[PDB]
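As numbered in the entry's author numbering, residues 1 to 63 make up the sequence shown, in order.
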Amino acid sequence: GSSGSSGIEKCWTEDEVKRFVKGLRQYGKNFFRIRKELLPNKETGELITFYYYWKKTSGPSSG
Numbered sequence: 001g002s003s004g005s006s007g008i009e010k011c012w013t014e015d016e017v018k019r020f021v022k023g024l025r026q027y028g029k030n031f032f033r034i035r036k037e038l039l040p041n042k043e044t045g046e047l048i049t050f051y052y053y054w055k056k057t058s059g060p061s062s063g
């Protein structure tokens with residue numbers, strides 16, 4: 001009945017990532033402003049989530 005699909009999706013570009021890092025390294029903890037100067041068109045949510053995921057609260061584990 002209810003079927004779905006999946007293909008080429010989009011989440012973050014190379015430019016966005018580059019700027020994000022540059023801002024987090026240059027400024028630091030202030031996405032509120034960093035984003036306003038970097039990606040003012042995007043949403044703070046994307047940055048917050050991205051940072052949390054990029055930080056990986058879990059970290060490296062045994063192997």
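Note that beta-carbon positions come from the ideal geometry of N, C-alpha and C, so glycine has one too.
Rounded to the nearest whole angstrom, the C-alpha separation of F31 and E37 is 9 Å. With fewer than 16 other Cβ atoms from the protein chains shown falling within 10 Å of its own Cβ, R33 counts as exposed. Taken through DSSP and simplified to helix, strand or coil, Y53 comes out as helix. The DSSP-derived three-state label of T44 is helix.
In the three-state reduction of the DSSP assignment, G59 falls in the coil class, being assigned neither a helical nor a strand state.
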